[PDB]
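There is one chain below, alone, in structure tokens, taken in the form deposited in one PDB entry.
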């Protein structure tokens, strides 16, 4: 298939509820390939795609050189009733890279620069009265996914090391302005903030919670929330972070999760023993007591503050000691 008389599909990069993203040759322009998002002809996804186009048009006007590392939209059009958005071609997602590495975690120096760029990008959105709402490693993509495969003696396996860890943030179809309607449920479950789970209302801080989850995943290679159930997810939080704040518990209407304004959770049920084996207090996940591991986990703990009003902002996160070896 050849959209818009110039774009020949050569590969499908990824597929989702919205449609797919394909890699295309541009037969009119010089031959650097592009990424093309082809949106399903369903109202739900059409409307998100038009919102994405509006957001990216305004971000391109404010930040035409992508200083703040949002993916660059090159053009958009309609084709057989599908909205098609042409993007600069990026490399693998940060999730794809970890997975293809056998779920080996990223090196701390790479985590530092990736976290910085992520916080920079999302803080730019937040500066602009926008919340992303769907931050996850799948929506953080490497500008170039080239690697060197080195022998790692510890322990005895070949491992892939990023040549350049620069990223960009993608997927603005769920992004929500301060004054716009806020969806009831946002984010992918493992990155979803507690105020979303408890239906208390959400704003920019829910992005910070997701980034905190992303950072631990980069550090560990796996999610600390291996769950597909909301009450179990809350039990995992309490295992990692301590009890939920009482003020959040009495404000929620999610009464099925609570007994006497405490989480209705049997730690000695079968699911309770699953949680106890999969999760543990946050700092027990640290693999070193070195000061820069300590500052990463201090940053993560501040991003995983339960109360969205007390959670660190990305403006404050950007000044965190963890990022010093970058400056």
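In this text, the rigid core denotes the largest set of C-alpha atoms whose superposition between the two forms falls within 1.5 Å. Residue numbers count along the first chain shown, from 1.
Heads up, the form deposited in another entry isn't pictured, but that's what we're talking about next.
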property: Residue showing a 2 Å-or-more C-alpha displacement between the shown form and the other one once the rigid core is overlaid, selected from 291, 286, 42, 263; result: 42
property: Core fit, then residue 18 C-alpha moves 2 Å or more between the shown form and the other one; result: yes
property: Core-superposed comparison between the shown form and the other one, residue 156 Cα displacement 2 Å or beyond; result: yes
